[PDB]
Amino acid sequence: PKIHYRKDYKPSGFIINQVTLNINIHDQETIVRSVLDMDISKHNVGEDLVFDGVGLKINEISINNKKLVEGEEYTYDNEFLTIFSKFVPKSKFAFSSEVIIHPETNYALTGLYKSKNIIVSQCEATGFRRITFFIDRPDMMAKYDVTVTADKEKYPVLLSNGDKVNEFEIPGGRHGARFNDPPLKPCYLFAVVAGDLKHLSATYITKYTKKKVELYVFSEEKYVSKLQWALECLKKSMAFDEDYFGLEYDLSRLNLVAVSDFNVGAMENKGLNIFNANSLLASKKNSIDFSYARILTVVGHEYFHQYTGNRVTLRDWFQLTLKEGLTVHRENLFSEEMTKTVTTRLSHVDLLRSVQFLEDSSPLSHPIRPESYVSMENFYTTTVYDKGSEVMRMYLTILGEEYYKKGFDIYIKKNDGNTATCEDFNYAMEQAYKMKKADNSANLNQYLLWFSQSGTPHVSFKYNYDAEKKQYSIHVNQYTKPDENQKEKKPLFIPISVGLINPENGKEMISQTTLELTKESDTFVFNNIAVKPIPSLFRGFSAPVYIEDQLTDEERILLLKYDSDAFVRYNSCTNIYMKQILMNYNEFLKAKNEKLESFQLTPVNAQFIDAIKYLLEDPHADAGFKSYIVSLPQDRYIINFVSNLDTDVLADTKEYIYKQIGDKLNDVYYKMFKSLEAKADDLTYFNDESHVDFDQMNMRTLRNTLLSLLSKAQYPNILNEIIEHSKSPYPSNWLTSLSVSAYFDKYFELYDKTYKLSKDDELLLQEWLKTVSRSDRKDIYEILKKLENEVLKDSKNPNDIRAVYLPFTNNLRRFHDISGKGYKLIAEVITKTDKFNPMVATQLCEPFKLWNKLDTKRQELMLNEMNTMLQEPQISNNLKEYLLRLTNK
């Protein structure tokens, strides 16, 4: 089982200068002919020529048009093609091969595969070797000349990278297209698509060079009416890179293509971006609101890769966060600017502190630049992406916009057209840092620990105020818990964006200030502070850390009502909730453990409830923010704060807290649910796919959140509102009506009604599946069996499988049933899926990531299922590696 080590990087002894491909698609097989124009590098020491090549059927291989003979001149073991060095030329040579591959039965969706009636490739990370022989690593840059042939009736649209330079007819009903892509690229950015594709198109004129760029968005004919928003998002993405970063697209054409079967969200193949259909296609009649932000961010993400990933690429896969963390950061800047809603940034933090913090305290914890890997298909993590993005964002917080832009342009200008490493980016940021500090001795050497140190830092505070001196002190310390990657953790460069709120009038007491904490602890003193402030700490969530604000709930309430920073307001509310959750959890736990006949629960703080009401009733306050304050923190956020978490006790705790607040605020909730209707459900632009109103969607989020609270509470006659909600044209509304009807006798009536509305659109049906999966039903196990028999069946579409099972795994009371029946069910799905798609099988392991944080009975139950999966004789490399790491074997 080969382990790759970051420190072992060495340049290849070979060079591949030119790739000339002929991909001939036939009904039962695909024939790939490839000529590689190669050379000997300065690092060559006379080694064998070893190509990656996985699952290829060899028809012939040759060197300089001389056919090589198996056994004598080469060996092939279905993974590596080895040409013995005595037969390898010593100067420039041509290697050629013809192989047979089978996209029709390629259900792992890596390499060349068939998704419904579309032939499509996915080559990142090491999938190109599943198409033809190559030295499959991103520092092997080459030019590509690609011809694709296929039946014209089945595959009229042929696409690859670069310029289409010829189209030709072929006897027997076939046709061909030739694409030449002169700029050097790594092979993971190669792509090919063939299908009966329909499109929308537009022309974009770049801001400075005034180049005309042809934009094409493609789907199967059935869904061509769902392409409009994606095209709008692409234009928006191009304008943002031009306006913020001064970067223009360099090619004459950009194609985006939706396919139904895709392992992840989308892929940035040069000029030919390929998308999970659920991340490219939408219409107002057939998509929930979430689709619109999803398409915006994913289209943006792939577009921003054209510079951060494509034009500046990776030396090796250990640098993955250099392109993914930086592109997520660019994507997040873009989405924040396009949506103009504070909930966009809040939603990113909420994901980080639940999913990524859980990963970072799990046995899977790794730094954003790991030291080793076995499976590249398991390398694409929320740590690499989302903690990576926060590390990339901290440069902007440290430098400010002007110097960040200066440093970013240094990075692009110095590395355009080349591979790069994380050091190259830190170096560019350091040059800007010296400029900002006016100090050529300043350096960012300490910053590099963000790339190598795993785990979430904890930052805690103590305060002092001298009223006579008007002097305020913030004493700060940082700590990262030792883990399996570093026994000793070093202090990081932590930027702490801070404000000081005057508690008497709510006003700012100092200018914008970013404290630079570079030691294990430091004391920051402020003079001329006229009154004792309430500190507003880590504004905008300025570092990816556990914040221990050491504030009272009275102080947190004051920030929640009156602070200027949306994150600190949201975090102050989160912290009030967490204090209550931990207190009530321990009270319920003690009652369970001691088998008490009576006991007391500490009520929710009444001033906190008053503050929620105050914000809810503020007509100038933001609807999306309102929906966050009436929602308790995510379960996966809570679990980072409780040892041996009993999920039933936590479910009882949340129930008590929601009921406490509802018993006071339900009339407020109902009144708002009714008063929000007119603006939230406005149909003026329902038939304009170009008109997307993120504030209006946030109003629907608030209505649907309040409806959930009111339905669980059995608010008088709320079933009438649920039924009327089911008649709304907006899928977010009528799918909500299904979810909230779980608490009423009408659930299966609405189940059938919404099924009928959903069944004729592939993506809407998947949203329906998710809604059923997450329904708060006592009979959810029977319902899942019904979905399996009636809808899901033996589909191999990852979107179908993930829709049926993942939402259910977030059902705290039912997935964690003490019998272990939920763990048994998901383990059976994982093992079944692993037979044909190991990457998605490992995705389905997600609920097990917290196994060692649960109560000892549930730890044992989860471990038993993971050991059962590990004992499967046919377990994939992906799944075995993942479960061995997760179970500390």
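From 1 onward, residues are counted along the sequence shown.
Inset, instruction - Compare the mean C-alpha B-factor of 165 to 173 with that of 342 to 350 as given in the PDB entry, and name the stretch with the higher value. - result: Mean B over CA atoms: larger for 165 to 173.
Legend entry - 307 to 315 or 619 to 627, whichever carries the higher mean Cα B-factor: Higher mean C-alpha B-factor in the PDB entry: 619 to 627.
Legend entry - Selection from 370, 363, 729, 388 [criterion: highest C-alpha temperature factor in the record]: Most elevated C-alpha B-factor of the set, per the entry: 729.
Legend entry - Residue, from 471, 263, 255, 708, that the PDB entry assigns the highest Cα B-factor: Checking the PDB record, the top C-alpha B-factor among 471, 263, 255, 708 is at 471.
Legend entry - Third assignment of residue 275 from its chain's C-alpha B-factors: Lowest third of the chain for residue 275's C-alpha B-factor.
Inset, instruction - Name the third of the chain's ranked CA B-factors that contains residue 481, choosing lowest, middle or highest. - result: Middle third of the chain for residue 481's C-alpha B-factor.
Inset, instruction - Would you mind checking where the Cα B-factor of residue 838 ranks among the modelled residues of its chain, as the lowest, middle or highest third? - result: Its C-alpha B-factor belongs to the lowest third of this chain's values.
Legend entry - residue 197 by Cα B-factor - lowest, middle or highest third of the modelled chain: Highest third, going by the recorded CA B-factors of the chain.
Legend entry - residue 635 by Cα B-factor - lowest, middle or highest third of the modelled chain: Lowest third, going by the recorded CA B-factors of the chain.
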